[PDB]
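Peer 1: Residue numbers (the deposited numbering), protein chains in the order written: chain B, 11 to 221; chain A, 11 to 222.
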Ligand SMILES: O=c1cnn([C@@H]2O[C@H](COP(=O)(O)O)[C@@H](O)[C@H]2O)c(=O)[nH]1
Ligand SMILES: O=c1cnn([C@@H]2O[C@H](COP(=O)(O)O)[C@@H](O)[C@H]2O)c(=O)[nH]1
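Next comes the structure, spelled out in structure tokens:
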């Protein structure tokens, strides 16, 4: 990923989202689009971004349903042009396999979310995280998401998945995570608010890269 | 809910979804719309269904993000006209609280998903389910979702949330759950494929209602 930095574009109106993404395009070539923007502006926004900025798009949909529904969600998402989709591992192996099957059929990728970065993640997710990561390895998952806010957990996750797996990590900046420390374990960092709420998003992105 | 039956409308094209929903409207007045339909036809489909069929709409979005993002998802969903939203409890109390705060601000409801009905739910969700339900009670959640496929777990869930809470349950029909047994514990059952993939959805819905 360009500069090992992925922009989390969670603004909810198309004009602001287009403005910020265009301003930071010289620093990042991969954008993570989630439900805040998609449910506000429509799925067509994925193809619009891919074309206008020539960036890879990761759909952060935290897929977390039964197998049959997960398949439908993944198919609609890849039809919309997403290059990859983020899926929760807490619902179990069959739910993750359903996403992997659709990605295989459509020539796309699945990122498995193992542990989340917010405080509430300590209640139930953290205790299941190592097992969720091992499940991913057993299913053949090669792309993972882990927390910038807990580098000791990111280290443990990297250990389970190996150095060959691709690991991206949110929670940098606004949630307290540090870019440099996170990149000791993750291949790329995800940054949203620290860039998109900045008075000068380009300067904020440039600063992160400088750091 | 009318006849204690909620239709899970997971068809992915507007014309088919409109046809089936209209055919079974005399049997059910509450429709659950999820991402399969919304990501295929747009969020405007929620208001269209609400108006066209005069039914309550539950947005089954299995919200499962950090607090800040959950707030945005809930706000966009209620702006689109949904009467309620289904949220996962596994990400923790702060994430659930964020959804409850937006529902309070907008005069809407949050349904907390405690245990899922599919086989994979046994891996991680089941072992956390009782605690997730208790967390819901502690947060003031009054609406819950539990599995038709495991009535013993549904009974345990009803036990934690009390008789005053509203409990709806998917997994009836296609996934193996039984309407009658599920209604021993849930206030309403959710049915998707058994109705929408039937050669005659109205007859399928009518049969379910007669079996209970
Ligand atoms: O454990 C996780 C998984 N995903 N995200 C997501 O990554 C982005 C982080 O944004 P932020 O830089 O503004 O905090 C948001 O889209 C958020 O939903 C997290 O924050 N934590
Ligand atoms: O634990 C859960 C939670 N939600 N659903 C959802 O309820 C519906 C059940 O549909 P079905 O009757 O066709 O199996 C689908 O929309 C599905 O995503 C389940 O099946 N199980």
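We treat Cβ as the ideally placed atom computed from N, Cα and C, and that holds for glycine.
1. With 7 Å set as the bound, which would you pick, yes or no: does the beta-carbon of residue 139(B) sit closer than that to a beta-carbon of chain A?
2. Going by other Cβ atoms of all chains shown within 10 Å of its Cβ, with 16 needed for buried, is residue 72(B) buried or exposed?
3. Assign residue 190(A) to buried or exposed, taking buried as 16 or more other Cβ atoms, counted over all protein chains shown, within 10 Å of its Cβ.
4. Between the Cα of residue 101(A) and those of 134(A), 209(A) and 116(A), spot the shortest distance and give me the residue it belongs to.
5. Would you please state the rounded distance, in angstroms, between the beta carbons of residue 82(B) and residue 46(A)? I believe it to be under 8 Å.
6. How would you list, in chain order, the residues of chain B whose beta-carbon sits under 9 Å from the beta-carbon of residue 102(A)?
7. Who pairs with residue 120(A) in a beta bridge, going by DSSP?
8. Tell me, please, whether the CB atom of residue 45(A) is closer than 7 Å to any CB atom in chain B?
9. So, at 6 Å on beta carbons, what are the nonlocal neighbours of residue 80(A) in its own chain, with the 5 sequence-adjacent residues on each side left out?
10. Could you tell me which of 198(B), 136(B) and 114(B) sits nearest to residue 150(B), measuring between CA atoms?
11. Quick check for students: name the residue ranges of the beta strand (DSSP E) that lie wholly in the stretch 193-217 of chain A, counting only runs of 3 or more.
12. Which residues in chain B have a C-beta closer than 9 Å to the C-beta of residue 83(A)? List them in chain order.
13. Compute the minimum distance between the beta carbon of residue 199(B) and the heavy atoms of ligand 3, and state whether it is under 6 Å.
14. Mind checking whether the beta-carbon of residue 192(B) lies closer than 6 Å to any heavy atom of ligand 1?
15. Are three or more beta carbon pairs between the stretch 166-178 of chain A and the stretch 155-162 of chain B nearer than 8 Å?
16. For the pair the stretch 193-204 of chain A and the stretch 173-182 of chain A, tell me if three or more CB-CB distances fall below 8 Å.
17. For the beta strand (DSSP E) that residue 70(A) lies in, which residues bound it at each end?
18. Among 30(A), 187(A) and 22(A), which has the Cα closest to the Cα of residue 162(A)?
19. Should the stretch 29-46 of chain A be regarded as contacting the stretch 54-67 of chain A, the criterion being three or more beta carbon pairs within less than 8 Å?
20. Just to check, is the beta-carbon of residue 29(B) closer than 6 Å to a non-hydrogen atom of ligand 2?
21. Quick one: Cα of residue 103(B) to Cα of residue 148(B), how far?
22. At a Cβ cut of 8 Å, what residues of the stretch 153-166 of chain A count as close to chain B, listed as they run along the chain?
23. Measure the C-alpha to C-alpha separation of residue 219(B) and residue 14(B) and round it to an integer number of angstroms.
24. Run through the stretch 135-169 of chain B for me and flag every whole beta strand (DSSP E) of 3 or more residues, listed as ranges in chain order.
25. Hey, is residue 5(B)'s beta-carbon within less than 7 Å of any beta-carbon in chain A?
26. Please state whether the Cβ-Cβ distance between residue 69(A) and residue 202(A) is less than 7 Å.
27. Roughly how far, in whole angstroms, is the beta-carbon of residue 52(B) from the beta-carbon of residue 52(A), given that I think they are within contact range, below 8 Å?
28. Strictly under 7 Å for the Cβ-Cβ distance: is residue 53(B) near chain A by that measure?
29. If I measure Cβ to Cβ from residue 39(A) and keep anything under 6 Å in the same chain, skipping five residues before and after, which residues do I get?
30. Would you call the CB atoms of residue 121(A) and residue 142(A) closer than 7 Å?
31. Among 183(A), 23(A) and 99(A), whose alpha-carbon lies nearest the alpha-carbon of residue 214(A)?
32. Are the beta-carbon atoms of residue 67(A) and residue 30(A) separated by less than 7 Å?
33. Closest to residue 123(A) by CA distance: which of 89(A), 171(A) and 77(A) is it?
34. Please identify the residue among 208(A), 139(A), 87(A) and 160(A) whose C-alpha is closest to the C-alpha of residue 193(A).
35. So for residue 22(B), helix, strand or coil by DSSP?
36. Out of curiosity, what's the CA-to-CA distance linking residue 23(A) and residue 16(A)?
Peer 2: Quick answer:
1. no
2. buried
3. exposed
4. 134(A)
5. 4 Å
6. 126, 128, 129, 130, 131, 132, 133, 134 and 135
7. 95(A)
8. yes
9. 73, 105, 108 and 109
10. 114(B)
11. 198-201
12. 44, 45, 46 and 49
13. This structure does not include ligand 3; its bound ligands are ligand 1 and ligand 2.
14. no
15. no
16. yes
17. 66-73
18. 187(A)
19. yes
20. no
21. 9 Å
22. none
23. 8 Å
24. 153-155
25. The requested residue 5(B) is not part of the displayed model; chain B covers only 11 to 221.
26. no
27. 6 Å
28. yes
29. 12 and 65
30. no
31. 183(A)
32. no
33. 171(A)
34. 160(A)
35. coil
36. 19 Å
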